[PDB]
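S.K.:
Protein chains: 2
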Amino acid sequence: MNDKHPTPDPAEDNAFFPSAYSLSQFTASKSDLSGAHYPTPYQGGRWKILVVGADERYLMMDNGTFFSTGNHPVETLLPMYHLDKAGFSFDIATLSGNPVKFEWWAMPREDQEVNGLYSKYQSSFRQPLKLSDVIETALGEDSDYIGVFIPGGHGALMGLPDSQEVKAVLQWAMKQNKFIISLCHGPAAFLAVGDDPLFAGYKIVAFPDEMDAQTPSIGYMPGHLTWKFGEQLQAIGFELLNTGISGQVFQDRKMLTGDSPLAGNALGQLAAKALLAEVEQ
Amino acid sequence: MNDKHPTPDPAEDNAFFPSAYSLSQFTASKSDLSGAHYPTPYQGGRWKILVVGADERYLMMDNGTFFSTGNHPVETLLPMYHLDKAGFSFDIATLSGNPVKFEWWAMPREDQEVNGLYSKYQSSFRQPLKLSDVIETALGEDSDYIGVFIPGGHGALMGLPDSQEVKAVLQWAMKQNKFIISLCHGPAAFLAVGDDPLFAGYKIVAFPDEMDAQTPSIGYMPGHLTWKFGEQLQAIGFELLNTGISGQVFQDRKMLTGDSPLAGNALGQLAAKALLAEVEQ
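Respectively, the protein sequence lines represent chains A and B. Letter by letter, the first sequence follows residues 1 to 281 of the working numbering. Letter by letter, the second sequence follows residues 282 to 562 of the working numbering.
Put into structure tokens, the structure is as follows:
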């Protein structure tokens, strides 16, 4: 209950879920989903959003242990919920084609709506598209994709940050003036552009590095991140606006971002309003 | 409500480990590692062996559930142990670069030697090389690899069976007349060749499709496989020799294969014998 020791994961050797204690403070049986009401949604049947998810669950800490993480279910499904009520479909992909990995210990087991939306897309989450395929066939200048969504969760720190494919997707999004939606640790994917001065000047909100440096103190993670995504993003032009977290979000042109596992709902509202305004015109 | 019902895995939703019953029958606290001493081993320090492991653990069954699989620890470590004692070194790799996945419910916990070999390479398994990087710098006519080992476990049925990177590796191995070593469901990876009749006429042993159709009756899997790797291999020219399993190993030129989780030791012996002769002129 009050136990702060990391909790061992039976599936992997030397891997741990967050501590029972960190779990009682950072996870809840229900989400704060609300406002997903769009009286006049898009009904074109065309525009859909491409979801790029984490495909690995075990993240290596600075002490040799594995953090049992992945994408955050609340951060992932709340935004998808709003966009769904808005009238948008989703295509789900990972770098390897392997199943999308969620931090189930963060899933609100009592949220009917959140579990409802998930049931609807489980087949896609569990049998995703291989990103390389989406790139070779579903992008270009006349894509049915109106935006790209990269959910948070430390699982977003593996693969995506230095992937040549994610880079093509981002470059496409920026070149075809498409919406890029992310929150928490999701912006780490942006580092994929490597040395491209593509995002120079952009303003985003993202989980604060200083907080990652503190969470292990209560056994949230079995150790510390081997690097800090926040400084890297900054290194390539991004202006991180938030010093702390509050579930806030920001829009810089078509770049929409949330600051933490508290920003899901707000992001879903923002993306919804921004996209509905894009298409209703 | 019974010991033959699949065992829930807390890390993945709707995924299961084998049932308690199947585990007591198909796994052991100790392995049968034996005859691993080589009086006159290799001492050159060059010849190395490339391991291509599983990066995914959750395999989709026909009923929608996930079988919590991965590489088989005994099929993996018994061959490595002999080759380690024979004087050879290893390079461990996965398609994506992500951690190698073992079916930890099969690891013989009371076995010192095997647990010792695992701890020796633990950092390579947890942080392996990415197969693309190997193909781009460690192959060729002057490669230090004297062979390629593709361990079994139903985890080898994902990604490997149709990976271009893997096709490249297998053509290299054949092209360069290197050793190809595999067992159980490992030969599934051979399918990465697709159309190429590169293996026409080759004889091997592998886990019978027939048995994959039976093990679920006792809860070894939470469902049935959605395709048969045996019939597939036959489709591209291989001749599967065993109708059952008994630890049988086979050698067709430089193709070395085992038929089941019972062929680990026998395969380590064969590979070490075959390879030591290969390094003496």
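Ideal Cβ positions, reconstructed from N, Cα and C, are used throughout, including at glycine.
Given that a residue counts as buried once 16 or more other Cβ atoms are within 10 Å of its Cβ, and exposed if not, what is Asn344 (chain B)?
M.R.: exposed
S.K.: Where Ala213 (chain A) and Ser404 (chain B) are concerned, what is the direct C-alpha to C-alpha distance, given to the nearest angstrom?
M.R.: The alpha-carbon atoms of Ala213 (chain A) and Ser404 (chain B) are separated by roughly 24 Å.
S.K.: Name, please, each residue of chain B whose Cβ falls closer than 7 Å to the Cβ of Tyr58 (chain A).
M.R.: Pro380
S.K.: Note down the Cα distance separating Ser377 (chain B) from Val429 (chain B), rounded to an integer number of angstroms.
M.R.: 18 Å
S.K.: In whole angstroms, give me the CA-to-CA distance for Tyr362 (chain B) and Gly549 (chain B).
M.R.: 7 Å
S.K.: For the putative contact between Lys448 (chain B) and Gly467 (chain B), defined by C-beta atoms under 8 Å, what is the C-beta separation to the nearest angstrom?
M.R.: Actually they are not in contact, since the Cβ atoms of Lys448 (chain B) and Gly467 (chain B) sit about 15 Å apart, beyond 8 Å.
S.K.: Can you grab the Cα-Cα spacing for the pair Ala552 (chain B) / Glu384 (chain B), in whole Å?
M.R.: 23 Å
S.K.: Between the alpha carbons of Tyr38 (chain A) and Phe88 (chain A), how many angstroms are there, rounded?
M.R.: Looking at the two C-alpha atoms, the distance is approximately 12 Å.
S.K.: Tell me the residue span of the alpha helix (DSSP H) that contains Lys329 (chain B).
M.R.: No alpha helix (DSSP H) contains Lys329 (chain B), which is instead part of the beta strand (DSSP E) from 329-333.
S.K.: Does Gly397 (chain B) pass the burial test, meaning 16 or more other C-beta atoms within 10 Å, or should it be called exposed?
M.R.: exposed
S.K.: Would you decide whether residue 298 (chain A) is buried or exposed? Buried here means 16 or more other CB atoms lie within 10 Å of its CB.
M.R.: Not covered by the structure: residue 298 (chain A). The range shown for chain A is 1 to 281.
S.K.: List the residues of chain B that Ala93 (chain A) touches, going by C-beta distances under 7 Å, in chain order.
M.R.: Result: empty, since nearest Cβ-Cβ is about 14 Å, beyond 7 Å.
S.K.: Does DSSP put residue 239 (chain B) in a helix, in a strand, or in coil?
M.R.: The structure shown does not extend to residue 239 (chain B), since chain B is modelled only from 282 through 562, so no value can be given for it.
S.K.: Nearest by alpha-carbon distance to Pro8 (chain A): which of A:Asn242, A:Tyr220, A:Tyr118 is it?
M.R.: A:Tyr220
S.K.: Could you compute how far the alpha carbon of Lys411 (chain B) sits from the alpha carbon of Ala419 (chain B)?
M.R.: Going by the C-alpha atoms only, they are around 12 Å apart.
S.K.: Does any heavy atom of the ligand GTP sit closer than 7 Å to the C-beta of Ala20 (chain A)?
M.R.: Here there are no bound small molecules, and the ligand GTP is not part of this structure.
S.K.: Taking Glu280 (chain A) as the reference, give the member of A:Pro41, A:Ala200, A:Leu256 with the closest Cα.
M.R.: A:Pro41
S.K.: Is the shortest distance between the beta-carbon of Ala292 (chain B) and the beta-carbons of chain A less than 8 Å?
M.R.: For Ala292 (chain B), a Cβ of chain A is located within less than 8 Å of the residue's own Cβ.
S.K.: Kindly give me the distance between the Cβ atoms of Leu472 (chain B) and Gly433 (chain B), rounded to whole angstroms, as I take these residues to be in contact under 8 Å.
M.R.: Not really, about 14 Å apart at Cβ, beyond 8 Å.
S.K.: Would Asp259 (chain A) and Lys228 (chain A) qualify as a contact pair, given that the criterion is a beta-carbon distance under 8 Å?
M.R.: no
S.K.: If I'm right that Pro216 (chain A) touches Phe16 (chain A) with Cβ under 8 Å, what's the distance once you round it to whole angstroms?
M.R.: About 11 Å separates the two Cβ atoms, so there is no contact after all.
S.K.: Should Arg126 (chain A) go down as buried or exposed, given a rule of 16 or more other Cβ atoms within 10 Å for buried?
M.R.: buried
S.K.: Would you say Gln164 (chain A) lies against chain B (beta-carbon separation less than 8 Å)?
M.R.: no
S.K.: At the 8 Å Cβ level, is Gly440 (chain B) part of the contact set with chain A, yes or no?
M.R.: yes
S.K.: State the DSSP-derived secondary structure class of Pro41 (chain A), mapped to helix, strand or coil.
M.R.: Three-state DSSP puts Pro41 (chain A) in coil, outside helix and strand.
S.K.: Going along chain B in order, which residues have a C-beta closer than 8 Å to the C-beta of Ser96 (chain A)?
M.R.: In chain order: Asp336, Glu337, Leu376, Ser377, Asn379, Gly440.
S.K.: Give the residues of chain A in contact with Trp385 (chain B), contact being defined as C-beta atoms less than 9 Å apart.
M.R.: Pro10, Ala11, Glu12, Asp13
S.K.: Please identify the residue among A:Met1, A:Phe179, A:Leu233 whose C-alpha is closest to the C-alpha of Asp252 (chain A).
M.R.: Relative to the Cα of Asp252 (chain A), the nearest Cα in the group A:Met1, A:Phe179, A:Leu233 belongs to A:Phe179.
S.K.: Quick one, which of B:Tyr399, B:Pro287, B:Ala317 has its alpha-carbon nearest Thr346 (chain B)'s?
M.R.: B:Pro287
S.K.: Kindly identify the DSSP beta-bridge partner or partners of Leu410 (chain B).
M.R.: B:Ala374
S.K.: Check the Cβ-Cβ distances between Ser34 (chain A) and every residue of chain B, and say whether any is below 8 Å.
M.R.: no
S.K.: Counting C-beta neighbours from all protein chains within 10 Å, is the total for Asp365 (chain B) 16 or more, i.e. buried, or is it exposed?
M.R.: buried
S.K.: Excluding the five sequence neighbours on either side, which residues of its own chain have a C-beta within less than 7 Å of the C-beta of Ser132 (chain A), listed in chain order?
M.R.: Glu165
S.K.: Report all residues from its chain with a CB closer than 7 Å to the CB of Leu157 (chain A); omit the five preceding and five following residues, and keep chain order.
M.R.: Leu59, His185, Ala188, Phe229
S.K.: For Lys48 (chain A), count the other beta carbons within 10 Å of its own beta carbon; 16 or more makes it buried, fewer makes it exposed. Which is it?
M.R.: buried
S.K.: Closest to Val52 (chain A) by CA distance: which of A:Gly45, A:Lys101, A:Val205 is it?
M.R.: A:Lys101
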